Each structure stands twice: as structure tokens, then as C-alpha cells.
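Everything in the sequence shown is counted per the authors' numbering, starting at 3560 for the first residue and increasing by one.
No residue lacks a Cβ here, since even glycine has one placed at the ideal position from N, Cα and C.
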Amino acid sequence: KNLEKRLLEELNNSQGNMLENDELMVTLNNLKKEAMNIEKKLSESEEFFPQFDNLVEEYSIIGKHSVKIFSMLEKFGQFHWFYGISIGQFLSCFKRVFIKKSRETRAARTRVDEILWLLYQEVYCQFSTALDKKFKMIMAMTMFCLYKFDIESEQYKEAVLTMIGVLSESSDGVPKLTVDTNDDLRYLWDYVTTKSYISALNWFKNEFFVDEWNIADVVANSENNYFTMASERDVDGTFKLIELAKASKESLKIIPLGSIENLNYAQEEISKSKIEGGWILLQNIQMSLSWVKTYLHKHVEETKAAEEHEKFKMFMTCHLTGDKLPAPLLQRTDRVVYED
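Right, dumping it as C-alpha cells:
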């Protein structure tokens, strides 16, 4: 558009003779250069289009593999209270898989395959903290065929086919023997026979364990994510927390929630400890639903305070039989469940 401009006025004085042209060439010679340089750049600009496209296909390995995985993870919604897993958390897992693990974690094509393995690992490592062992087991039981085997269906023998009434069953004593089957592959021919004793599910041992369950490690998380301990009737979640506190060797306070004076203490000591930077165990917040109503903002408040003085770690416990804790706060906290 500046060529449009600069190549206007002296039409009024030239007729095309090179001697005339010479005074107009004070702009054109400059243009010989840059205008032709434009073309150089333009030729280069096409190459990026198909290669960028190629880059997309280069990661389709995990692309399809993992998108299928989330569509399975979503089905965990069947879990009534602790499966409140946002896909943001799903992504968080990959923040770790893709990078937040080490300097070696980036995105090489060889390692696209390796992050199928980390996809495999890290995914269940998180669901397994909120969901119980029954849900954990069935996960592995059918899903590892995807997570690390890339849809390698595997023929089930005794127990599975026992439930349906299908011909191919042997008892616990067939390991990796006559497993040589079709697309619906080998080792469940093995394991499903060992299932005469159901712990054969556990016997898969397919790298099926939560790498980072260690709740003590979990402690060092974002401060806003306060800890939620799920328990049941006759299960002292607080106990697990006092053992934690004993191990932490840090400022411990415990406030049972439920009656009015406890709310007075909640207001009180939260404001104290959210400045001091203590470690506090809270119990049975569901016994004080009105507290919860105010608490949800108190949560916001003490969260900011946690950010400010930097050590206010809260550990609310005693989810009981069916106290149906509210999703907003469950969201804002870490739902880890314990057995008795």
C-alpha cells in the first residue's frame, strides 16, 4: 500500500525514458529488493501448512488412544459421590504426563508411545484415590487392553464365561498355558482360570497400583485443595489423620464440627490458624449444614489466607454412611477414601 502511495506523483513528469526513470527508480530500486523478497517469504510460507498437518497426525497415537480413555473415565459417573472428576483434572494428569514429571517429559514421537504408558499409569493413579478397590479392579480388569495395549482384546476363560455360560472354562491352575487365541487374545485365558479364587484379578499385577497414592506426598498440593477424608460408619477417618499429624510433627489442631460452639471455634480458629499456618483436622462438617452454608465462603476466605501466610492445611474428615457431601466443596477439595 506504500508502493501504491510512493509510486503515484511523478507520472506527471516521466514518459518512460530510462533517463527519466532514474528519478523514479529512487523508489523502485528499493522495491526491486523488498518486493522480490516478499516473494521469497511467500514461497516458504506454503511448506508449513502440510507439515503442521503432519505434526497433528504424529500425535494421533495418543490422540485416539487417550480420547477413548476419557470417554471411559466419564463413565465412572456411576460412582455416587466421590467420582466428581472434572476433565480439568484429567488434563492435570497430563500436565504431569506431558511435562510435570521431569525434564525428560516433553513430547518426542518415541515417547508418544511412552506417554501411552504414562497415560496408562497416571490416569488410574488419580481415580483410584476417590474410587474404591472394586472400581479400581474392574478398571484394570478390562481397560488395560487399551491403556497400554492399544485395544488388545483378550479372551476370557473360566469365571467370565461362567457368568454367561460360554464354552471355554478351566479352574485355578491354568497360567499362561494354552492361551494361543485369536484377536480376543491370550492371558485372560490364563488369569480368568486362576479366578477360581477371585484374587486372580489382583494377580494380573499389570503395573496396577497408584504410583503416587502416598497421601503424605499428596499433602504438598495446591493449598486451596483442602483435604477431604472419606470414611464410613464405624470408621474413624480422624484417626488416620492424627496418624498423619503425628508423622507431620507440625502444629496440630482438631475441631469436631456439628454443634454451635464448634462453629464459634471454626470462625475463631480458622481465622487464627489461617494466619498462623497450622494443620487442622475437622470432623463431620455435615453435622453443621448451616456452617457449610457460610463455610463455603469461609472456604474461599481461608483459601486466600492459605495463600497469604502460606501453611494453613485443612483436613476435614468423617464422611460417614451416606452424608452426601456437596459437590462445590468436594470440587474444592481432595476426596480420598479409607477402609476399616
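I'd like the list of long-range same chain contacts for residue i, defined as Cβ closer than 7 angstroms, with 5 residues on each side in sequence excluded.
{"i": "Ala3886", "result": "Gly3643"}
{"i": "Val3738", "result": "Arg3745, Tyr3746, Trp3748, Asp3749"}
For the putative contact between residue i and residue j, defined by C-beta atoms under 8 angstroms, what is the C-beta separation to the nearest angstrom?
{"i": "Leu3705", "j": "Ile3628", "result": "7 angstroms"}
{"i": "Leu3760", "j": "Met3696", "result": "5 angstroms"}
{"i": "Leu3720", "j": "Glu3713", "result": "No, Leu3720 and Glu3713 are not in contact; Cβ-Cβ is about 13 angstroms, not under 8 angstroms."}
{"i": "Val3895", "j": "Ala3789", "result": "7 angstroms"}
{"i": "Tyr3683", "j": "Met3698", "result": "6 angstroms"}
{"i": "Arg3668", "j": "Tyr3785", "result": "Actually they are not in contact, since the Cβ atoms of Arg3668 and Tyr3785 sit about 40 angstroms apart, beyond 8 angstroms."}
Strictly by DSSP, which residues pair up with residue i?
{"i": "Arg3792", "result": "Partner(s): none; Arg3792 has no beta bridge."}
{"i": "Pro3609", "result": "Per DSSP, none; premise fails for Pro3609."}
{"i": "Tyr3785", "result": "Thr3892"}
{"i": "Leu3744", "result": "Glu3713"}
{"i": "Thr3721", "result": "BP columns for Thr3721 are empty, so no partner."}
{"i": "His3639", "result": "Paired residue(s): none; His3639 is not in a bridge."}
{"i": "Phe3874", "result": "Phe3786, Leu3840"}
Using C-beta distances below 6 angstroms, list every residue in its chain close to residue i, excluding the 5 sequence neighbours before and after it, in chain order.
{"i": "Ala3865", "result": "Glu3782, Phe3871"}
{"i": "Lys3654", "result": "none"}
{"i": "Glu3711", "result": "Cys3704, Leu3744"}
{"i": "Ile3658", "result": "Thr3664"}
{"i": "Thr3586", "result": "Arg3565"}
{"i": "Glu3563", "result": "none"}
Quick check on the burial criterion: 16 or more other C-beta atoms within 10 angstroms. Buried or exposed for residue i?
{"i": "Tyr3750", "result": "buried"}
{"i": "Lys3808", "result": "exposed"}
{"i": "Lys3634", "result": "exposed"}
{"i": "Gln3845", "result": "buried"}
{"i": "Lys3852", "result": "exposed"}
{"i": "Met3584", "result": "exposed"}
{"i": "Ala3594", "result": "exposed"}
Is the closest heavy atom of the ligand NAD to the C-beta of residue i under 7 angstroms?
{"i": "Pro3734", "result": "Among the ligands in the structure shown, none appear at all, so the ligand NAD cannot be discussed."}
Enumerate in chain order the residues of its own chain whose CB-to-CB distance from residue i is below 8 angstroms, with the five nearest sequence positions on each side excluded.
{"i": "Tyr3756", "result": "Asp3731"}
Establish whether the CB of residue i and some CB of chain B are separated by less than 8 angstroms.
{"i": "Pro3609", "result": "Annotation note: the requested chain B is absent from the structure, which comprises a single protein chain."}
Which ranges does the beta strand (DSSP E) cover as unbroken runs of at least 3 residues, wholly within the region 3806 to 3862, from first to last along the chain? 3811 to 3815, 3838 to 3842
Those runs of the beta strand (DSSP E) which lie wholly inside the region 3678 to 3706 and span at least 3 residues: none
What residue ranges within the region 3619 to 3672 form continuous beta strand (DSSP E) runs of no fewer than 3 residues, ordered along the chain? none
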